[PDB]
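Inspection log for the structure reproduced underneath, given as structure tokens.
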Amino acid sequence: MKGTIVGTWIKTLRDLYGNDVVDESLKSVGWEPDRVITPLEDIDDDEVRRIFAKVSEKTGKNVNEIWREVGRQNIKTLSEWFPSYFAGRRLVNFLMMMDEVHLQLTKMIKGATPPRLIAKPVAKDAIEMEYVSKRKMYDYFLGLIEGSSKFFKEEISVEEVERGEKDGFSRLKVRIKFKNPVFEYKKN
Ligand code: HEM
């Protein structure tokens, strides 16, 4: 996992659960309690997993539920740290831009396995967005979507269409419906 995003998660964990839980979780995998993780680093996925399991044990919340809560709150953290990804956008543009963003942020790592987040319109007021990744981070993905809605103040209805592993990759497809129409038919 690129350090760019792991750094945001550590802050978000502090925001949600507090410094003791976070400091102890970091110390439990051999990190300095105050470690600041940089874009220059590649963090092992299994370490992130151990940290979250320790956060789980101390809070007494299921780890899926923690990823869900982190997903929702991390949008806030992202918009404070990298506002230019948010400014002058509405929800629909932000979400459709996300696949491209994750390729751009990992393209100079080789062996990079960004999550794929391809979205397409399926109706005047709806898109289908599909999470595809080896990392099975389904609750994070869903949480991020819920936090994006809340950050842009745009109500959405989200339907999980399908979730499972297709040939090695975890996949989760959702249909996201906006309150009003956001697309219109145009000459292709
Ligand atoms: C400005 C907003 C965002 C930035 C800068 C950002 C950046 C990143 C980066 C750099 C990674 C590490 C990927 C890797 O190492 O392969 C990551 C992981 C991830 N990103 Fe984002 N992200 C943003 C918002 C979102 C949104 C809105 C979604 C979903 C709709 C999303 C979905 C994910 C997921 C689910 C992961 C976990 C990795 C996985 O499942 O394979 N991100 N993000």
Side-chain angles (χ1 to χ4, degrees), residues 1-13 36-52 63-121 126-154 156-161 163-178:
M1 201 73 72
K2 198 193 199 182
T4 298
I5 196 68
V6 180
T8 70
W9 294 340
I10 305 308
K11 171 192 199 293
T12 291
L13 285 166
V36 164
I37 294 138
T38 70
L40 249 78
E41 326 186 34
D42 176 55
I43 298 296
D44 196 285
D45 283 353
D46 196 61
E47 273 179 16
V48 175
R49 177 201 71 84
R50 284 190 261 126
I51 285 173
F52 269 72
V63 71
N64 295 339
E65 226 282 320
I66 290 170
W67 271 118
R68 193 55 166 265
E69 292 181 2
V70 165
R72 296 181 196 173
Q73 180 64 31
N74 205 44
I75 287 294
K76 227 307 193 220
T77 300
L78 287 157
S79 75
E80 292 164 347
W81 287 18
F82 319 111
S84 57
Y85 281 111
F86 297 79
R89 264 127 192 159
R90 312 189 68 218
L91 187 53
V92 175
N93 312 132
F94 178 77
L95 294 178
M96 302 191 73
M97 190 186 302
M98 286 301 108
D99 184 78
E100 185 51 27
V101 164
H102 289 72
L103 301 163
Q104 285 295 314
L105 291 177
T106 53
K107 64 180 166 180
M108 304 302 210
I109 299 180
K110 253 292 141 292
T113 53
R116 298 307 303 285
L117 305 166
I118 294 163
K120 62 166 188 270
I127 58 175
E128 273 193 358
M129 179 174 194
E130 188 174 42
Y131 167 81
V132 180
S133 169
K134 69 179 173 80
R135 305 184 179 97
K136 205 176 162 175
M137 287 173 70
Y138 294 134
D139 288 294
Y140 187 45
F141 169 76
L142 294 167
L144 291 164
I145 292 156
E146 300 165 333
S148 295
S149 174
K150 202 254 205 185
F151 174 91
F152 288 101
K153 311 186 203 77
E154 288 172 58
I156 52 162
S157 143
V158 175
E159 162 189 14
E160 178 166 328
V161 167
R163 181 206 290 216
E165 312 203 22
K166 179 142 206 183
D167 40 274
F169 300 100
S170 288
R171 299 187 190 246
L172 193 166
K173 180 186 302 182
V174 292
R175 183 186 202 276
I176 295 157
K177 194 240 262 287
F178 302 87

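All values below were derived from every heavy atom in this structure, side-chain atoms included, with hydrogens, water molecules and symmetry-related copies excluded. The residues of the chain are indexed from 1 along the displayed sequence. Just follow the structure's listing: the first ligand is 1, and inside any ligand the first atom is 1.
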Please verify whether a non-hydrogen atom of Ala112 lies at under 4.0 Å from ligand 1.
-> no
Can you find an N/O atom of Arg135 closer than 3.5 Å to an N/O atom of ligand 1?
-> yes
Any idea which atoms of ligand 1 are less than 4.0 Å away from a heavy-atom of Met129?
-> 30 (C)
Under 3.5 Å, is there a donor-acceptor pair between the side chain of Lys11 and the main chain of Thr77?
-> no
Shortest heavy-atom approach to atom 10 (C) of ligand 1 - which of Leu105, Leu172, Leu142 = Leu105
Before giving the answer on side-chain contact (heavy atoms from CB on, under 4.5 Å), spell out for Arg72 and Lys150 the whole-Å C-alpha distance, their side-chain angles and the decisive distance to 0.1 Å.
-> CA-CA 8 Å; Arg72 296 181 196 173; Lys150 202 254 205 185; over 6 Å; no
Short N/O distance, under 3.5 Å, between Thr106 and ligand 1?
-> no
Using a strict 4.0 Å cut-off to heavy atoms of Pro114, name the atoms of ligand 1 that fall inside it.
-> 16 (O)
Any nitrogen or oxygen of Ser133, main chain or side chain, under 3.5 Å from a nitrogen or oxygen of ligand 1?
-> yes
Is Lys177 salt-bridged to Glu159, cutoff N-O under 4.0 Å?
-> no
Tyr85 side chain reached by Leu78 side chain, heavy atoms, under 4.5 Å | no
For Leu144, atoms of ligand 1 separated by under 4.0 Å from a heavy atom | 25 (C), 26 (C), 28 (C), 29 (C), 31 (C), 32 (C), 33 (C), 42 (N)
So the atoms of ligand 1 within less than 4.0 Å of a heavy atom of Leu117 turn out to be 31 (C), 32 (C)
Within reach of ligand 1, part of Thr113 (heavy-atom separation under 4.0 Å) | backbone
Distance-only N or O hit between ligand 1 and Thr4, under 3.5 Å = no
Please could you name the atoms of ligand 1 that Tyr85 approaches to less than 4.0 Å, counting only its heavy atoms?
-> 1 (C)
Would you say the side chain of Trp9 lies within less than 4.5 Å of the side chain of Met1, judging by non-hydrogen atoms?
-> yes
Does an N or O anywhere in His102 fall below 3.5 Å from an N or O of ligand 1?
-> yes
With a 3.5 Å cut-off and no angle check, do the side chains of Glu69 and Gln73 form a donor-acceptor pair?
-> no
Pick whichever of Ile43, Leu78, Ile145, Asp42 has a heavy atom sitting closest to atom 4 (C) of ligand 1.
-> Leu78
